[PDB]
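Just add 44 to wherever you are in the sequence shown, counting from 1, and you've got the working numbering. Note that the Cβ used here is the ideal one computed from N, Cα and C, for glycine as well. Report on one structure; see the data block that follows.
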Amino acid sequence: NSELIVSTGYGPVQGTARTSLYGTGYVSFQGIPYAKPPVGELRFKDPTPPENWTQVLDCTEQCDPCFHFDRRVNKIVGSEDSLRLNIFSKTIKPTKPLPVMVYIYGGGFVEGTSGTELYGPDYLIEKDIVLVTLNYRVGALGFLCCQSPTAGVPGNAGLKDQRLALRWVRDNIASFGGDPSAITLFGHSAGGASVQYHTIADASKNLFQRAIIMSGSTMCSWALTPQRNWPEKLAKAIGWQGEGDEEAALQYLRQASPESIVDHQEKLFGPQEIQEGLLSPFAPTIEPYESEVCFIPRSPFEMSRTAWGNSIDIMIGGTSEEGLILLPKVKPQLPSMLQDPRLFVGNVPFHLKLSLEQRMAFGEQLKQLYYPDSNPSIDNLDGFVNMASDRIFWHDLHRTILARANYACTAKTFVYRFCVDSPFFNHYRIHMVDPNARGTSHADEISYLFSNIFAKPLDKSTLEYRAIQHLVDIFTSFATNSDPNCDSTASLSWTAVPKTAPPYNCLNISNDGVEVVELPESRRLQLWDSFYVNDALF
Numbered sequence: 045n046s047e048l049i050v051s052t053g054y055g056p057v058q059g060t061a062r063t064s065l066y067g068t069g070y071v072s073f074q075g076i077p078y079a080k081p082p083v084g085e086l087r088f089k090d091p092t093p094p095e096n097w098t099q100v101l102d103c104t105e106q107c108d109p110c111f112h113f114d115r116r117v118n119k120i121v122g123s124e125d126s127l128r129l130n131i132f133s134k135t136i137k138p139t140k141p142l143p144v145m146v147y148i149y150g151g152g153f154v155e156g157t158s159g160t161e162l163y164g165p166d167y168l169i170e171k172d173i174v175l176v177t178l179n180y181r182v183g184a185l186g187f188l189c190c191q192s193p194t195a196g197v198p199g200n201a202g203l204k205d206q207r208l209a210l211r212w213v214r215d216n217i218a219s220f221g222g223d224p225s226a227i228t229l230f231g232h233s234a235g236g237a238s239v240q241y242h243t244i245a246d247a248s249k250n251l252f253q254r255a256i257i258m259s260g261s262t263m264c265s266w267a268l269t270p271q272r273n274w275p276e277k278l279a280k281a282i283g284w285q286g287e288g289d290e291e292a293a294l295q296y297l298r299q300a301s302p303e304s305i306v307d308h309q310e311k312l313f314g315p316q317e318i319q320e321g322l323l324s325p326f327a328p329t330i331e332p333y334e335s336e337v338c339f340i341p342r343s344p345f346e347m348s349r350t351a352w353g354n355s356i357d358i359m360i361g362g363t364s365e366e367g368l369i370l371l372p373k374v375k376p377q378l379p380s381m382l383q384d385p386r387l388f389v390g391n392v393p394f395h396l397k398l399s400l401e402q403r404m405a406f407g408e409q410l411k412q413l414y415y416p417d418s419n420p421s422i423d424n425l426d427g428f429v430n431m432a433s434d435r436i437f438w439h440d441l442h443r444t445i446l447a448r449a450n451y452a453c454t455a456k457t458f459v460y461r462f463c464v465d466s467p468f469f470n471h472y473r474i475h476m477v478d479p480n481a482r483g484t485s486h487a488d489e490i491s492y493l494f495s496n497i498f499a500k501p502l503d504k505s506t507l508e509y510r511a512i513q514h515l516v517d518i519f520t521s522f523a524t525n526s527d528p529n530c531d532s533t534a535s536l537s538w539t540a541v542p543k544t545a546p547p548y549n550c551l552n553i554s555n556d557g558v559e560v561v562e563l564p565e566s567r568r569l570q571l572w573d574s575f576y577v578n579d580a581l582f
């Protein structure tokens with residue numbers, strides 16, 4: 045125990061010894077506060093550093109997550125005093141400072157947790173890295189935005205939470221054996237868009253040295269939301285009676301319970317928002333005035349062009365059937381959507397400067413692209429899933445890749461593709477999409493990087509165990525060498541994205557192993573690029 049007390053600039057903290065699923069010893073620190081508790085009058089406000097402490101802080105147990113509806117346990121969970129992070133490593137006394145990997149969870153900016161029931165360190169700590177996971181505020185508690193500069197709620201509090209945790213890691217990880225000059229930032233889905241947000245915002249300039257963006261991007265339309273009087277609409281739904289005064293709505297929201305906020309924050313959309321494909325009112329937003337910390341001062345599309353992260357190496361990727369995640373959302377209407385004659389026309393991004401007739405012609409190309417020799421139906425969904433994969437995830441990952449080939453003058457960009465398809469170990473697909481579905485859903489790769497409550501020790505001769513080894517090796521090799529070429533890819537030449545990039549290669553990770561191939565989605569994504577004839581691809 046005493047060996048596991050670490051003195052930090054804020055005070056001492058006490059960790060625990062742990063045993064992985066595979067019998068490997070490692071050390072854990074959980075619930076280290078990186079911010080002042082955002083409670084009372086500090087609710088919705090940008091975070092600030094915490095007060096020092098002198099007594100040894102007990103960090104031996106998993107802390108509470110931020111407030112959200114936890115779909116796994118089907119109840120609101122969390123605490124407002126949740127701005128904390130966790131540290132994992134085989135030992136906190138390595139012979140030499142170790143590369144550091146900092147994970148930002150997904151969950152649509154409305155849910156998520158750093159708990160080890162989803163993001164366990166067991167597979168990553170087999171390598172010589174320090175793993176950091178962290179909580180950041182989600183929902184309206186994390187993404188409220190008020191227009192008045194006097195109200196003190198400029199927006200993006202959850203991104204700024206992430207920023208403060210990243211600053212804490214830079215300033216303190218050396219006390220735990222981590223190398224603060226060798227930090228990899230990585231994250232999936234909304235966490236992947238979050239990673240990219242840090243690489244494009246001066247607010248997080250040089251907090252880390254390289255990044256891994258997984259199945260989410262600031263280029264995704266769902267990574268940004270407009271402001272349309274959400275605080276008043278939210279306070280109304282909870283029970284507020286006044287109207288027409290945003291600061292009065294903020295006051296009501298600050299006296300409302302956290303549970304009432306979580307319970308109503310997803311009930312605010314009108315018909316205009318459902319057509320535009322908006323995920324939530326409470327998401328990253330362009331901030332209406334400049335604060336002490338201004339995370340998103342302008343269009344993220346414009347921020348990406350001059351991103352400080354254009355100078356750092358980036359790995360980016362996704363799965364082969366990302367769009368499987370759309371099926372549970374639309375399952376009851378699916379017989380009617382698959383038969384709707386606007387099915388394909390309605391997938392042309394609505395914001396593009398295209399006439400109805402231009403859109404109808406593109407819709408016909410989309411139909412020939414995804415359904416050349418058959419018609420959509422509940423028993424013929426592959427083309428529909430592929431369309432969804434491209435619309436929601438892969439076209440905007442691809443736009444990021446092309447932006448990298450144009451704007452990253454010297455840094456390297458590597459692309460991966462994950463299509464491992466296990467009958468039992470693709471936990472997200474099995475437990476959240478369909479028990480009978482095959483393919484590689486959005487979030488299936490997480491099962492091969494992090495242990496979770498469903499994971500059991502795997503027989504080391506299985507494809508599933510080999511897929512863990514491959515994914516952990518690629519990710520940790522990138523964190524250690526800024527190059528994901530490793531022993532698992534020894535016989536191949538995994539090349540970075542070339543300046544001529546509109547075609548580029550990826551490392552394709554499948555049941556059989558690894559291979560370097562042209563992006564399989566290249567021909568599909570050529571059509572999507574063509575929609576931007578009157579707009580800017582990047």
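With respect to the 9 Å criterion, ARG115 and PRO77 are not classified as neighbours on the basis of their beta carbons. Annotated three-state conformation of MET145 is strand, per DSSP.
Pairing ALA511 with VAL464 gives a Cβ-Cβ distance under 9 Å.
Secondary structure of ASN549 (DSSP, three-state): strand. When the five nearest sequence neighbours on each side are left out, the beta carbons in the same chain lying within less than 7 Å of the beta carbon of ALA184 are those of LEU278, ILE305, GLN309 and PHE326, in order along the chain. Here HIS232 is bridged, per DSSP, to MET258.
The alpha-carbon separation between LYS171 and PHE113 amounts to approximately 34 Å. The three-state secondary structure of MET359, taken from DSSP, is strand.
Approximately 5 Å separates the beta-carbon atoms of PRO275 and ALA293; this is inside 8 Å, confirming the contact. If one requires a minimum length of 3 residues, the beta strand (DSSP E) runs lying completely within the segment 345 to 409 are 357 to 363, in chain order. Annotated three-state conformation of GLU287 is coil, per DSSP.
Secondary structure remark: continuous beta strand (DSSP E) runs of at least 3 residues inside the segment 134 to 216, in chain order: 142 to 148 and 174 to 178. Rounded to whole angstroms, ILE436 and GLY235 show a C-alpha spacing of 15 Å. The Cβ-Cβ distance between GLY222 and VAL121 does not fall below 9 Å. For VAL306, the uninterrupted alpha helix (DSSP H) run begins and ends at 302 to 308, by DSSP. With respect to the 9 Å criterion, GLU489 and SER158 are not classified as neighbours on the basis of their beta carbons. Using a Cβ-Cβ distance cut-off of 8 Å, the segment 244 to 261 and the segment 544 to 554 are not in contact, since fewer than three pairs of beta carbons, one from each stretch, lie closer than that value.
Around the beta-carbon of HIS242, 16 or more other beta-carbon atoms lie within 10 Å, marking it buried. Looking at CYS190, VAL176, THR506 and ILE282, the one whose alpha-carbon comes closest to that of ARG211 is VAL176. One thing to note: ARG272 has its Cβ within 9 Å of the Cβ of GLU317. In the structure shown, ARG461 falls within a strand segment according to DSSP collapsed to helix, strand and coil.
Comparing C-alpha distances from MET359 to each of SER64, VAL541 and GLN99 shows the shortest one belongs to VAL541.
Straight-line spacing of the CA atoms in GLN299 and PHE469 works out to 44 Å. Contact between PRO501 and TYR66 holds: CB atoms are separated by about 6 Å, below the 8 Å threshold. Shown here, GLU562 sits in a strand according to DSSP, grouped into three states. Residue pairing by DSSP puts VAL57 in a beta bridge opposite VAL50 and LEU101. The beta carbon of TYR415 lies closer than 7 Å to those of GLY427 in the same chain, with the five residues before and after it left out. DSSP places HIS486 in no alpha helix (DSSP H); its state is neither H nor E. Per DSSP, the continuous alpha helix (DSSP H) segment holding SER433 begins and ends at 426 to 433. Going by C-alpha positions, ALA209 is about 33 Å away from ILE474. Per DSSP, the unbroken beta strand (DSSP E) holding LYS119 starts and ends at 119 to 121. Residue range 507 to 525 is occupied by the alpha helix (DSSP H) that includes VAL516.
Assignment of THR544 by DSSP, reduced to helix, strand and coil, places it in the coil class. Boundaries of the beta strand (DSSP E) around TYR70: 69 to 77. Closest option to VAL561, judged by alpha-carbon separation, among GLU366, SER324, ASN130 and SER537: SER537. Residue burial is scored here from C-beta neighbours: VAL146 has at least 16 other C-beta atoms within 10 angstroms and is therefore classed as buried.
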